[PDB]
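Results of the structural survey
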Amino acid sequence: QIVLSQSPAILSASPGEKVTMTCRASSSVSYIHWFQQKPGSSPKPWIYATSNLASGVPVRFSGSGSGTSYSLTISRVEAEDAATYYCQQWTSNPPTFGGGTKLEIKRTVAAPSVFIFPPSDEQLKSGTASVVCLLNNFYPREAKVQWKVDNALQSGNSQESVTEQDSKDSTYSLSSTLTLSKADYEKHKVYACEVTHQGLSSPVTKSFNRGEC
Amino acid sequence: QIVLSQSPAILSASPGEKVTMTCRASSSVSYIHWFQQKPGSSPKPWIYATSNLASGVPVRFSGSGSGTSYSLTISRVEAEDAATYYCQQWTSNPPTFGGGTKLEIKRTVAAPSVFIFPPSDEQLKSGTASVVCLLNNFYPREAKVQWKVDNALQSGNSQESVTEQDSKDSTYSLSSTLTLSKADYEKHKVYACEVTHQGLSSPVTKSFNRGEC
Amino acid sequence: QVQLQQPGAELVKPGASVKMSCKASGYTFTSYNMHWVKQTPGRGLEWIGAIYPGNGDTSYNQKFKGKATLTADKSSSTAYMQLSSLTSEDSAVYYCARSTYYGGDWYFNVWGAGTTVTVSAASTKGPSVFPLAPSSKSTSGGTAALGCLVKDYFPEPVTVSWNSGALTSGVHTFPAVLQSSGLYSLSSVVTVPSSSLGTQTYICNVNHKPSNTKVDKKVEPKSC
Amino acid sequence: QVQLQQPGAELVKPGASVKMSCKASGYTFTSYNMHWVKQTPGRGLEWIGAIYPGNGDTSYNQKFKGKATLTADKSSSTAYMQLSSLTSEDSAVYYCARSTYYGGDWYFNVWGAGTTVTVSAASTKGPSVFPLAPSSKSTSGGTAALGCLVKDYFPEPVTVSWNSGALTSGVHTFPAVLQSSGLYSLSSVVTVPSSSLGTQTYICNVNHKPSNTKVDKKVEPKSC
Amino acid sequence: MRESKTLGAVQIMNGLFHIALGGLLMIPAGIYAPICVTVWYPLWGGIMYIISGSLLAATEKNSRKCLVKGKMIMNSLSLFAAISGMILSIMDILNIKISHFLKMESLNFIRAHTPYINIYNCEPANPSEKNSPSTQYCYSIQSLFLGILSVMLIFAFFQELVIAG
Amino acid sequence: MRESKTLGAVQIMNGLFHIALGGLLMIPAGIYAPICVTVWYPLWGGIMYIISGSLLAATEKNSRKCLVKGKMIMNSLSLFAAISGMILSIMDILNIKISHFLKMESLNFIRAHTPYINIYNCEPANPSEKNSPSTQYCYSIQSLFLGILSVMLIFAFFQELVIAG
Ligand SMILES: CC(C)CCC[C@@H](C)[C@H]1CC[C@H]2[C@@H]3CC=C4C[C@@H](OC(=O)CCC(=O)O)CC[C@]4(C)[C@H]3CC[C@]12C
Ligand SMILES: CC(C)CCC[C@@H](C)[C@H]1CC[C@H]2[C@@H]3CC=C4C[C@@H](OC(=O)CCC(=O)O)CC[C@]4(C)[C@H]3CC[C@]12C
Ligand SMILES: CC(C)CCC[C@@H](C)[C@H]1CC[C@H]2[C@@H]3CC=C4C[C@@H](OC(=O)CCC(=O)O)CC[C@]4(C)[C@H]3CC[C@]12C
Ligand SMILES: CC(C)CCC[C@@H](C)[C@H]1CC[C@H]2[C@@H]3CC=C4C[C@@H](OC(=O)CCC(=O)O)CC[C@]4(C)[C@H]3CC[C@]12C
Ligand SMILES: CC(C)CCC[C@@H](C)[C@H]1CC[C@H]2[C@@H]3CC=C4C[C@@H](OC(=O)CCC(=O)O)CC[C@]4(C)[C@H]3CC[C@]12C
Ligand SMILES: CC(C)CCC[C@@H](C)[C@H]1CC[C@H]2[C@@H]3CC=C4C[C@@H](OC(=O)CCC(=O)O)CC[C@]4(C)[C@H]3CC[C@]12C
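Residues numbered from 1 in each chain as written, not as in the entry; some residues may be left out. Chains lettered and ligands numbered in written order. Heavy atoms only, no water.

For this deposition, the record names cryo-EM as the technique by which the model was determined and cites 3.3 Å as its resolution.

Written out as structure tokens, the structure is:
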């Protein structure tokens, strides 16, 4: 069994740039095959036998390499080129797939709009407290949210999720949720989430006081 | 290089019954492929990898065998089955083809109708003598013609040609031609061809005297 | 034209077994090898094994040699894979694929649509929907953020629309999270002019077909 | 749908050289091996060699390695074979064929229509047509045999019809024989009622398009 | 005593045959090579086996004995090669036939001639191939390597039976 | 004289090496096998080399030497075995590298394990395959056979240098 390493993990370019991505095998191989996948579909074959384009693949693409070192190159990226690319080999048992490369679209930096929602009375009547911290329409994806309650750092009690990237403006939206028991929610006054991002000169905190409405 | 021998050279049956033919390699082979050819066309692929029918091949056919010995079999021969079949191998370098098997249709025995034509007056003015001996609509194909001139056996001076087998009555026709110089044609009186065939209880001679008209 | 067809999803109790099928169409089924592939978000793509339906020879990756079993119906043009003794580790997407010798090497030229396996003991559960009410604590720059929380349902999916689909601009529905209770939770949010929160009515329409749940929730600026 | 197209025939002076072509259509030309095959009535089928147009690697049978030379146009989708120093031994049909890997072994799945090569020094020659007149010496059982001899022409083919094609019943035209003078001769015969040889008119119509010969010969019992 | 000259002769022949089989085994045959070759065992083993032929010098009892006692150390080092070589060969013969206990990267100028090949796993991923000649080659090469290693094992063992005082 | 006991010992070792290489070379590897194996030489050569170790007998000069004179014939026939063995190997090494001067049908129980293989021609009919691993497998097997035969040649030659003594 031989392993294929791909780099970079995330590749970033503007339309009309040239871009390249590389696969290095731990041992020399006869050929590399490349596949494209998008969320919600089967992989598609893309390049076979190192350098032959599959049916319907746009001429923007080409493939090259030999021995242990191979590359795939895109002459002028376009908005439809956004996907994950897997390299593959058949030289030995079992056949193996690389770890994949994800291709983004560059754009300018956009700071998030932040919103916070206290629990609804219907949830409190059910015995649950959920606190939602929302970060809206921002770039880059990399952001950090810390929860603080009465200036006390929370840990291990929150989950977050982020949308896929929007195909028109390339921004992201992110939500984080803090969940406590009702008995713990009413033990404190000030509840906060702290947001740090490249677009922010300092962390921005949005918070509210329990029982103040 | 390995050689493939086929048997029989000529094979025969009546419509509607089973027939079989063999191909034997001098050394064991992984698979045999069978091809069909008719006069005036490229070969067609017929069976690939010992036992798989090619596209459109009628279900009458089947193929079988292993190691050095293989066979092809036809369950119920039909008038369209008449062709030549070659076995073929890819096991070693180069690939090679068998000597082929020819498939006839049997019918009843039919003795030939015999005709003879003296040279035309127009040919004699051109300085040439051609003598044609004709055997018409006979079966089986095996026939022998000996030319005799004034009861002297001719040799090395004749060519003969035969039709293929007619698909509607299954008979053959043959013409044999004797050619002499004019100076030699007029040196003799009695010119003859002698015909021998399985349908004849004794040879039949058709002859004429030169200048008898 | 050539196609491979698979069923969309399977639900399995833990420790039981599941059998899933890939059906071929449009080609001579008995003439090519059929291959199975496993995908997960943590370990990428892994190859399980293959079957040659022309005679029933098989080959396995040793790491799966104790789990899987491949078989084929030479007459019906259907391949089967059986998995036994399922655990939480097996929740993944499984593909069949066809491979052909082409241009001097093999390649996987056609892929099935994929089957999703979930390993879970949990029963069907209808969600509870709680409002994320718009408020001064949710007002910014002439816009307000509001939404619906679709809490604790099973199995996936939930569909969310707004005002029967009359509101679509600026809606973001986040991917569902699997919770430690084994239920899922999801939220959907939208920004609207904050000046008219007092005049405009916004209702999210939540459908959970597996439970036949159909719930409308009004969202209005009742803070807290 | 896949097709390989070849030109029909070639005429070559002895000792010169000839180049013949095989054009592909309907598939990715650069991805398969192209093979050449020779057929003769004496040796049957023999394999000459192959080219892989994807990069120009070639392989030859040693018995032909001094004769042939294989090359391919990667852009125009045309293969070529060149033969040099031709002799009487080279008169054969030559086929191109496409090889694919299928069902666990190679096989030749598509074949070209074939090119016929004739090696001959001889010039074009128009035939002389002599009657084989019907007579009592050609009468049998209420039938008579009559015919036309198409003597000494080059090259092949000759076409024969009777009465502009109004007579076809019982016509047998024999395959042409190559003579020791290097010319060909052919004969065609038909049997008709012997009672009417004096009253019916039978004319054979001989066409030799390569020489543009068009000749009618009346065939009657009146000659000897 | 008088056996000793003969024993030395036998030891020398046994040393040359190791150089022979060690060279033959190093012919390119994939990315992985047997441990003993990556250890270079055959070359040092053979060299030590020959030097330990010192008893060919015979008993020069002139003055204080001229089979100089350092030769007993010389004899003594060669025994270290017999054990370790036997253990190496019986380890490699296991790596060929159950699984890799170890893997070793061969040498770069060897890889230049067989870069796409292994012999330690040998079964195709595509079941259509299980009768292809391509597979029969690989089993034949495994059988040749098992042969060479087993002959090395037995002739190496044939030192330990005798290379001791 | 006193070289003779040594020479005998050397001759015996050289005889066992032929049994070893002869067996190894007979591992299934195709429909055609090297001439020397089909001649069955590696067995008879080694056997006669050991028998010709009869000079292993001590030179008992008991009125007339106990090395019974028939042993001289024994020694001579073993020299005939040495020459013939050398010539067979230098013929086989040519059959591998230019063309078949001869072909020999191997033995039936050998063919039972490699029925679809030949090592004497090794080039694919399909040029797409010239980089396929199957070809590198075939060339590696040829290189092993050239190796084994060349070692047999040199050790067989090492008799003729001395079995005349
Ligand atoms: C005592 C043992 C451990 C080392 C003895 C080393 C040499 C006697 C031999 C052993 C293996 C031989 C190698 C076996 C195979 C090859 C491949 C050979 O290349 C080819 O055969 C194809 C190209 C060509 O040389 O024509 C280059 C030399 C080389 C490294 C040989 C060089 C000399 C080597 C290293
Ligand atoms: C297994 C082989 C490949 C490597 C090991 C061989 C050595 C262990 C042998 C080879 C030569 C021997 C040496 C040859 C000469 C000497 C010098 C001798 O002492 C003296 O001669 C005293 C006078 C002086 O100093 O020259 C003592 C033994 C010694 C060390 C011998 C010790 C053992 C040696 C180093
Ligand atoms: C001094 C003389 C007597 C030494 C002779 C040793 C070798 C010439 C002989 C002895 C044992 C034989 C080996 C015994 C076992 C095998 C395994 C065999 O491989 C298999 O059977 C693989 C398939 C399976 O697992 O059954 C191939 C022959 C081989 C290498 C033989 C090769 C030739 C060997 C090494
Ligand atoms: C001096 C030479 C002529 C004889 C040397 C002793 C032979 C009797 C030994 C040497 C190698 C052995 C052969 C090496 C390899 C094989 C393949 C072997 O089959 C396998 O290894 C796989 C199946 C199995 O046996 O488990 C069958 C026995 C055989 C012919 C061995 C039979 C006994 C042989 C010929
Ligand atoms: C590899 C093979 C071919 C070696 C063959 C060796 C034989 C040629 C040697 C082996 C034993 C020898 C025999 C050993 C004993 C005798 C008995 C001896 O008989 C006597 O009567 C001797 C005393 C007397 O004359 O009274 C004659 C020679 C002879 C046949 C020797 C002749 C040569 C022999 C047969
Ligand atoms: C007592 C010791 C010194 C004997 C050593 C003999 C073998 C270890 C050496 C001597 C010559 C070497 C062989 C000389 C030539 C070749 C051919 C070579 O093959 C090719 O070169 C094929 C390509 C080409 O034809 O150039 C591979 C190495 C090999 C087998 C070598 C393998 C190792 C050999 C047999």
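This paragraph deals with the overall build of chain A. Scanning chain A from N- to C-terminus turns up two helices and 19 strands. The globule rule puts the C-alpha radius of gyration for 213 residues at 17 Å, and the 23 Å found for chain A is more than 25% above it. Each principal axis of the C-alpha atoms in chain A carries an extent, and together these give about 70 × 40 × 30 Å. Residue burial in chain A is summarised as follows: out of 213 residues, 46% are buried. Only carbon and sulfur atoms are counted for the fraction: they give 47% of the accessible area of chain A, which is about 10000 Å². Charge separation in chain A, taken as the distance between the mean sites of 19 positive and 17 negative side-chain charges, equals 4 Å. (Helix = DSSP H or I, 4+ residues; strand = E, 2+ residues; numbered from the N terminus. Rg over C-alpha atoms; globule rule 2.2 N^0.38 Å. Buried < 20%, exposed > 50% of the residue type's maximum accessible area, 1.4 Å probe, protein only. Areas by Shrake-Rupley, 256 points an atom, 1.4 Å probe, with all protein chains shown as cover. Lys, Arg positive; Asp, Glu negative; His and termini not counted. Charge placed at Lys NZ, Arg CZ, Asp CG, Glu CD.)

What follows concerns the overall build of chain C. In terms of regular secondary structure, chain C is built from zero helices and 20 strands. In terms of overall dimensions, chain C is more spread out than a globule: its C-alpha atoms have a radius of gyration of 24 Å, far above the 17 Å expected for 224 residues. If one aligns the C-alpha atoms of chain C with their principal axes, the spans along those axes are about 70 × 40 × 30 Å. A buried classification covers 48% of the 224 residues belonging to chain C. If you take every contact in chain C between residues at least 6 apart in sequence, the share linking residues at least 24 apart comes to 57%. Within the structure as shown, chain C displays about 10200 Å² of accessible surface, and the carbon and sulfur contribution to it stands at 47%. (Contact = heavy atoms within 4.5 Å.)

So, about the site of ligand 5. Close to ligand 5 lie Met48, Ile51 and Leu77 of chain F, which account for all nearby residues. Within the complex, 26% of the 740 Å² of free accessible area of ligand 5 lies under protein. (Near = heavy atom within 4 Å.)

Residue and element names in this part refer to chain F. Within the fold, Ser52 resides in the loop between α3 (41-51) and α4 (70-97). On the basis of relative accessible area, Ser52 is assigned to the buried category, the value being 2%. Side-chain polar atoms of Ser52 contact the backbone oxygen of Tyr49, separated by 2.4 Å. With sequence-adjacent residues up to four places away left out, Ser52 is seen in contact with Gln11, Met74, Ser78 and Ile163. (Polar contact = N/O pair within 3.5 Å; in protein donor to acceptor, adjacent residues only side chain to side chain.)

Looking at ligand 3, the residues that line it are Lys97, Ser143, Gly147 and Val151 of chain E together with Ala20 of chain F. Residues near ligand 3 are shared among chains E and F, making this a multi-chain site. Considering ligand 3 on its own, with 740 Å² of exposed area, one finds that the protein chains cover 45% of that surface. The leading source of residues in the shell around ligand 3 is helix α6 (residues 133-160) of chain E, at three residues. When the residues that make up the shell around ligand 3 are grouped by side-chain class, the tally is two nonpolar, two polar and one charged. (Nonpolar A, V, L, I, M, F, W, Y, C, P; charged D, E, K, R; others polar.)

Attention now goes to the interface of chain A and chain C. Tallying the contact residues gives 41 residues for chain A and 46 residues for chain C. Of the roughly 3700 Å² buried between chain A and chain C, counting both surfaces, carbon and sulfur atoms make up 67%. Ranking the residues of chain A by area buried against chain C places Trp90, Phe97 and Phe117 of chain A at the top, with a combined share of 18%. Between the two partners, chain A and chain C, sit one salt bridge. Here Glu122 of chain A and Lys217 of chain C are joined by a salt bridge, their closest N and O atoms 2.6 Å apart. Between chain A and chain C we count seven residue pairs in polar contact in total. (Buried area = accessible area lost by both parts, 1.4 Å probe. Salt bridge = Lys/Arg side-chain N within 4 Å of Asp/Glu carboxyl O.)

Moving on: the packing of aromatic side chains. All names here are of chain B. Overall, the coordinates contain 46 aromatic pairs over all chains when judged by the stated rule. Taking 6.4 Å as the distance between ring centres and 45° as the angle between the ring planes, the aromatic pair formed by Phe61 and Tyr85 counts as tilted. With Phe61 in strand β7 (residues 61-66) and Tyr85 in strand β9 (residues 84-89), the pair connects residues that are 24 residues apart, well separated along the chain. Taking the relative accessible area as the measure of exposure, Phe61 reaches 3% and is therefore buried. For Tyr85, a relative accessible area of 0% corresponds to the buried category. (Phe/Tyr/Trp six-rings, centres within 6.5 Å; stacked < 30°, edge-to-face > 60°.)

Quick look at a nonpolar patch on the surface now. A cluster of nonpolar residues, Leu79, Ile83, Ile87, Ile90, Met91, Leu94, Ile98, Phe101 and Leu102 of chain E, forms a patch on the protein surface that exposes about 770 Å² of accessible area. With respect to the element layout, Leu94 of chain E can be found in helix α4 (residues 70-95). (Patch = residues over 30% accessible without salt bridge, like charges linked within 9 Å, V, L, I, M, F, W, Y side chains within 5 Å.)

This next bit is on the packing of helix α1 (residues 3-25) of chain E against helix α3 (residues 41-51) of chain E. All names here are of chain E. At a minimum axis separation of 8 Å, α1 and α3 run at an interaxial angle of 165°. The orientation of α1 relative to α3 falls into the category roughly antiparallel. Where α1 crosses over α3, the handedness of that crossing is left-handed. For the pair α1 and α3, the contacting residues are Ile12, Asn14, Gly15, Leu16, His18, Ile19 and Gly22 in the first and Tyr41, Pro42, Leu43, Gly46, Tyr49 and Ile50 in the second. (Axes fitted to C-alpha atoms, helices over the stretch in contact; angles between N-to-C directions. Parallel < 35°, antiparallel > 145°, perpendicular 65-115°, else oblique. Left-handed = near helix turned anticlockwise from the far one by under 90°.)

Moving on, we come to the state of the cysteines. Chemically, a disulfide is nothing more than a covalent bond linking the sulfur atoms of two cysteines. Per the counting criterion, the structure on display carries 11 disulfides over all chains. Between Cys213 of chain B and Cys224 of chain D runs a disulfide, and the two sulfur atoms are separated by 2.0 Å. Given an S-S torsion of about -90°, the disulfide between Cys213 of chain B and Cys224 of chain D has left-handed geometry. Separated into two different chains, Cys213 of chain B in the segment after β19 (204-209) and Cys224 of chain D in the segment after β20 (213-219) make up a pair that spans both. Exposure remark for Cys224 of chain D: the relative accessible area of 33% places this residue in the partly exposed category. Lacking any disulfide linkage, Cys23 of chain A is separated from the closest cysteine sulfur, that of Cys87 of chain A, by 3.5 Å. On the accessibility criterion, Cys23 of chain A (2% relative accessible area) is buried. Counting only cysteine sulfurs, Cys138 of chain E is the nearest neighbor of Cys36 of chain E, a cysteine outside any disulfide, at a range of 18 Å. On the accessibility criterion, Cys36 of chain E (1% relative accessible area) is buried. (Disulfide = S-S within 2.5 Å.)

Between chain B and chain E there is no contact, and the shortest C-alpha to C-alpha separation is 8 Å. Across the gap from chain A to chain F, with no contact made, the nearest C-alpha atoms are 8 Å apart.

Residues and elements named next belong to chain A. Sheet architecture is open: four strands sit in the order β1-β3-β8-β7, paired in antiparallel fashion. Here the strands that pair on one side only, and so sit at the sheet edges, are β1 (4-7) and β7 (61-66). Geometrically, the sheet is characterised by an average inter-axis angle of 20° between neighbouring strands, direction not taken into account. (Pairing = 2+ DSSP bridges.)

All names here are of chain F. Looking at α3, one finds that the buried residues are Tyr41, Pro42, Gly45, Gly46 and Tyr49. The buried side chains of α3 occupy one side of the element, clustering within an arc of 115° when seen end-on. Each element contacted by the buried residues of α3 is listed here: α1 (3-25), α2 (35-38), α4 and α6 (133-160). (Arc of directions from axis to C-beta.)

So, about the pairing of strand β8 (residues 78-83) of chain C. Residue and element names in this part refer to chain C. With six bridges joining them, strand β3 (residues 18-25) and β8 adopt antiparallel strand pairing. What sits directly across from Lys23, in β8, is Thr78. Here strand β7 (residues 68-73) pairs with β8 via six bridges, running antiparallel. Looking across to β8, one finds that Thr71 is bridged to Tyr80. Where β7 hands over to β8, the hairpin turn is made up of four residues, of which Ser77 adopts a positive phi near 60°.

Going from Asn93 of chain A to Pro94 of chain A, the amide bond is cis rather than trans, its omega being -25°. Examined against the element boundaries, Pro94 of chain A turns out to sit in the loop between β9 (84-89) and β10 (96-97). In this model, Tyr139 of chain B is joined to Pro140 of chain B through a cis peptide bond whose omega is -5°. Topologically, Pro140 of chain B is positioned in the loop between β13 (128-138) and β14 (143-149). Phi angles above zero are rare outside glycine, and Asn212 of chain D is one such case at about 55°. With respect to the helices and strands, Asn212 of chain D occurs in the loop between β19 (202-208) and β20.

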